[PDB]
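Structure first, commentary second.
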Amino acid sequence: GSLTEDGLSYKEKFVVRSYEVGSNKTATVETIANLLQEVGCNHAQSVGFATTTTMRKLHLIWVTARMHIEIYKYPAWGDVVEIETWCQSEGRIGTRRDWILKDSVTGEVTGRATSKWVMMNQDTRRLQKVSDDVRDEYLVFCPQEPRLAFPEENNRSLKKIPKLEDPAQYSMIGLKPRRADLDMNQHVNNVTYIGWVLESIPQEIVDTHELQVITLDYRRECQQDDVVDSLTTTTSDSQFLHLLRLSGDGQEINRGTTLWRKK
Amino acid sequence: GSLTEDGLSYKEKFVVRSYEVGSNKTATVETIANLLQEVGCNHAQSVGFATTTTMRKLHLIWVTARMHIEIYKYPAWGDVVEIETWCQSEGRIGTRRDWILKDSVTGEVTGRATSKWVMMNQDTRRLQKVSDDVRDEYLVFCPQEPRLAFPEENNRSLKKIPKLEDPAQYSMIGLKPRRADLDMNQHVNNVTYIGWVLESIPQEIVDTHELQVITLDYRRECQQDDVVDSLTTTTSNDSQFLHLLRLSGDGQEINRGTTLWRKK
Ligand SMILES: NS(=O)(=O)c1ccccc1OC(F)F
Ligand SMILES: NS(=O)(=O)c1ccccc1OC(F)F
C-alpha cells in the first residue's frame, strides 16, 4: 500500500483468502475488521510511527471507544478489495479513524467504517482528554477540512446504545480467548469481541440474512483469564441488541447493535 | 502467485500482517499453517479445480491424516515470505502435499512442511484406497520423480505418535469452536486444532522458547457443537511434549501429536 498524493490518507489492496470467507464464499465481517486494523497500522508505519513522542513519555496509548462498520457487498474469495483510511482530530475528546472499502475492478464503494479513539494511560487505565501538545504532533497527518465516512448528521454511527435487560432472548455462555485471539502486546484483539457478539445470533438468521450494519461500544477489556457471556435480543429487516459481560459477576465489557437484510 | 515453469509446483508471496504476529513480532505457527493452506488452495485453482471428476461422481473428498511443520525462522511483521508447494502420489495410500518456506530477501529456507491426505466418502465418512481412475487424473499435476520436503532417512515427519496417558501434566478444558473457526463448508478449520493443541503448553514455555517442530495426527473431526479438552505432558536444552485432543464428555480422541521447542 501507499499514502495518497496529499499524504493525508492511506490506500491498500487485499486479495481475499480461502480461510477468510464464510458459507456464502464471501469475506466474513471479522475478516473485514481485521483488514481495517491492518490498513490502519500500515498508515501509522508509513507516516513515522502507535503513539506520538509526547504520548510515549507520558505513558499514554490510543484505545477504541466505538467501532461502526457498514457493508453493502462483502468481497468474494479471490476478489481484490481496496481500502482508503484517514484520521481526524475531534477536539480534546480524541481521534476518529474512518475507512472506505471499494471493489478494485468497478471502483464502486462496497462498504464504509468509522471508529472513535480516546487517550488512556497504559498503567492505571485512566481516561484523559487530549493535550494541546499531543495535538500539534498528529494534526499534520490529518486533513484540516472535515472528511467523514458517515457525513449524515445524527446517523447510525453516532446513536447511543442502551443496556440489554435480562432475560436475554439468545445467549452463548463461557467464551474464552485463546492465544490466536491475542495481539503482539498479549491483549485480546478488538476483532475477537465482534466474533463473540455474533456468537449469540441464531444460526438460522446467519443462514438466511446478511450482516449490513454493526455498531460496537467498548467499555472494559477482557483479560486473558476472563470468561465471557454473549447475550442477544431481537428489537425489530432484523435488528438486535447485544451485551458482552463477564461470566461471573456480570461486569459489562461491550454493548452494540446489528442490522441484517434477507438474502 | 503463479505455477512454476514446468507446471508441477506453485509459488506465492505473502506480506506478514500486524494481527498475524505474536509477542515476539514474528508470525505465529497458526498464521504459517493458514498460509500453507491458502497456497495449497491457489495451486488447486490454478490447475483447474478441490476434487477430480471421478471424486465428485463418487462423493469422495480429500481429508488430512497428518500435518508436519518445521520452522527455523518465523518471518517478522512486514516481511515477505515465499512458499512453494507441490503434490505427489503415494501409490494407493493417498496423496502427500509438501511446502518450502523461504525468506524473500535472502532466498534462504526458513521452514518446511509435509502433510498426508487420504480419500473419504463425504457422506458415510468411510475411508478408502485411491482407485487407478482417480490416480491417472491428478498424476499429470504431480512430479514423476520423488520430490520430498523431508528427505532424511530417519525423519520426524514419519514417526508413529503414542497415546497420552492420564493424568496429563497440563490441561486446557472446555475449548469450543466459534464461527471464525469454521471454513466455507461449516467444518472446523484444520488450523484451529493446532491452536487447541498449543493452548495446554504453559505460558512460561511459550515466553522462553520458540516452536521448532510440530507433528499432528488427525483421527476424528470436531463438530460445531462439540467441546474439547487439550492435554500435554513433557517427554524430555530442548523441550519435547506429547499432546492429546479429546471430547470433554466421553473422551473420544480427535487428535494426537508432538512439539519440539528450543530456548530463545
Ligand atoms: N499513530 S496513529 O495510528 O495514531 C496515526 C496514524 C496516521 C495519522 C494519525 C495518527 O494518529 C493520530 F490519531 F493521532
Ligand atoms: N488435491 S488438489 O485438487 O488440491 C490438487 C492441487 C494441485 C495439484 C494436484 C491436486 O490434486 C491431487 F494432486 F491431489
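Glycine gets a Cβ as well: all are built from the backbone with ideal geometry, and neighbour counts include every protein chain shown. Computed from the coordinates by the stated procedures, all read-outs in this text should not be read as laboratory data.
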Residues (out of contact with any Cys (no Cβ under 9 Å at 6 or more places or on another chain), buried (at least 17 other Cβ atoms within 10 Å of the Cβ), more than 8 Å from chain A (Cβ to nearest Cβ) and not in a helix (DSSP H, G or I)) located in region B:184-206:
B:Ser200, B:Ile201
Failed item, numbered, when B:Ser18 is tested on (1) in contact with a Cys (Cβ under 8 Å, 6 or more places away or on another chain); (2) of a type outside the set (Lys, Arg); (3) within 16 Å of ligand 2 (Cβ to nearest atom)
(3)
Any idea how many residues of region A:29-63 are within 14 Å of ligand 1 (Cβ to nearest atom), closer than 30 Å to A:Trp260 by Cβ and within 14 Å of chain B (Cβ to nearest Cβ)?
6
Please count how many residues of region B:161-171 are closer than 16 Å to B:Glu253 by Cα and over 21 Å from the mean Cα position of the chain (by Cα).
5
Which residues, counting only those in region B:1-24, are over 30 Å from B:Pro143 (Cβ atoms) and out of contact with any strand residue (DSSP E or B) (no Cβ under 6 Å at 6 or more places or on another chain)?
B:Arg17, B:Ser18, B:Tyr19, B:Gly22, B:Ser23, B:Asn24
